[PDB]
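Shown next as structure tokens: one chain only, the form deposited in one PDB entry.
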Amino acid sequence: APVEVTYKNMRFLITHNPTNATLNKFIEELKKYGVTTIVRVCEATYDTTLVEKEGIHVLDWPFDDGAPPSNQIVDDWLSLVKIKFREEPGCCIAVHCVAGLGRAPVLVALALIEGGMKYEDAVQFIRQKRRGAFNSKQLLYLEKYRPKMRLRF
């Protein structure tokens, strides 16, 4: 389920998980939204060689099962956001697991919070665009989440 999220000057795309045989359609869906980077939060699957060749960099930072992202992944994710939108204004960052496990959306949620949103509003903003956005462990994480590096001053 391709779902797009725009807040301030940030844009994110929560995609499905393609297979090697459907990568050409996937790449053109990404380009459609001007996606220039992809973060895989679940065990690797399709081969990235082809995607990269098309100008889309793939980042593999899996969570351990449905557990909240590690501090290392949260740090790198927030850094990616900060650098990508500052070096490529207007671009889009894609993130995905399998379009239903409620893992990928947390990353978008965290970006919204650091961007100024209340975790409550960040969750409703996403939940309204798609179901199964956050598993139980995920929601609790966001509830107790305190900003580590705000986006835009």
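Only the largest set of C-alpha atoms that superpose within 1.5 Å between the two forms is called the rigid core. From 1 onward, residues are counted along the sequence shown.
Here 10-18 and 132-140 are compared by their mean Cα B-factor, and 132-140 comes out higher.
When the C-alpha B-factors of 47-55 and 87-95 are averaged, 47-55 comes out higher. When all modelled residues of the chain are sorted by CA temperature factor, residue 103 is found within the lowest third.
Residue 34 sits in the lowest third of its chain by CA B factor, as recorded in the PDB entry.
One more form of this protein exists, namely the form deposited in another entry; it is left out here, but the text below deals with it.
Of the residues listed here (38, 101, 113, 123), only one shifts its CA by 2 angstroms or more between the shown form and the other one after fitting on the rigid core, and it is 101. After superposition on the rigid core, the Cα of residue 136 moves by 2 Å or more between the shown form and the other one. Relative to the shown form, the CA atoms of residue 101 and residue 13 are brought 3 Å or more closer together in the other entry. By 3 Å or more, the C-alpha separation between residue 99 and residue 88 grows in the other entry relative to the form shown here.
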